[PDB]
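What follows is a single chain, given as structure tokens, in the form deposited in one PDB entry.
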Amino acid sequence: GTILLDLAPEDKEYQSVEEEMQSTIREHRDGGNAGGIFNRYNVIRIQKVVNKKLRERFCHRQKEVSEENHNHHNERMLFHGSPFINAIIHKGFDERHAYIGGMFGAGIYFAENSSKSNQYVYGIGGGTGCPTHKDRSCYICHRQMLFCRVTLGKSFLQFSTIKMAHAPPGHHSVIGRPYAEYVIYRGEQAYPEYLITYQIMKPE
């Protein structure tokens, strides 16, 4: 079963995670359509996800990757957002929920910019926004996103939309440029380390 560890605001770990989240906000091409208009989040809590089986499978895959990547995990901390957070923290990332016709195929997608991940909290293109107000820029409803350990191993660099089912032979991830999108094709190559609960904040 999943255990959530509550990080304290005065912990350096809490602070480093919020700072990564706050400092990687950027302007988006869609003018804020999907994720809303904001310059900063209000972080309500940050929780560390602890789950024995998810950790086991992550370690297990880590090893296989390292062997095919000159003994390097090539791990990176990256943001992920999607409507499936609650399932992810209990069951792990599941590539079976990926979509053909994703920009780089049926993978699980991660970003360096927290604001990119925030676009997907309510679905592709922000869906119809929060359940309560149908507002993709809702400043009331709480949102969650993940700050994850991602086993990239040997990344394939892609520069056009390609519909991949799996990383290319000898590879373990795809870094795609339509800003970079980090894509894995196996759920066990990501661990949902930090669960961040937050609101976007209305600019003054």
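For the two forms, the rigid core is made up of the largest set of C-alpha atoms that agree within 1.5 Å on superposition. Sequential numbering from 1, following the sequence displayed.
A chain break between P168 and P169 is not present, all residues of the deposited sequence in that interval being modelled. For the pair 17 to 25 and 189 to 197, the record assigns the higher mean C-alpha temperature factor to 17 to 25. The mean Cα B-factor in the deposited entry runs higher for 99 to 107 than for the other of 99 to 107 and 76 to 84. Per the PDB entry, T132 shows the highest C-alpha temperature factor of the residues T132, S114, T128, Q119. The PDB entry assigns the greatest CA B-factor among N33, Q62, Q47, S173 to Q62. Per the deposited record, the Cα B-factor of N51 falls in the middle third when ranked against the other modelled residues of its chain.
Annotation for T151: CA B-factor lies in the lowest third of the chain's modelled residues. Among all modelled residues in its chain, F159 ranks in the highest third by Cα B-factor. Sorting the modelled residues of the chain by their CA temperature factor places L5 in the middle third. Among the modelled residues of its chain, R177 has a C-alpha B-factor that falls in the highest third, as given in the PDB entry.
What follows is about the form deposited in another entry, which we do not show.
Residue showing a CA shift of 2 Å or more between this form and the one not shown (rigid core superposed; candidates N33, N42, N39, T161): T161. The two forms, fitted on the rigid core, differ between this form and the one not shown by 2 Å or more at the CA of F104. The gap between the Cα atoms of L152 and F104 is larger in the other entry, by no less than 3 Å, than in this form. Between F104 and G31, the C-alpha separation grows by 3 Å or more in the other entry, relative to the conformation displayed.
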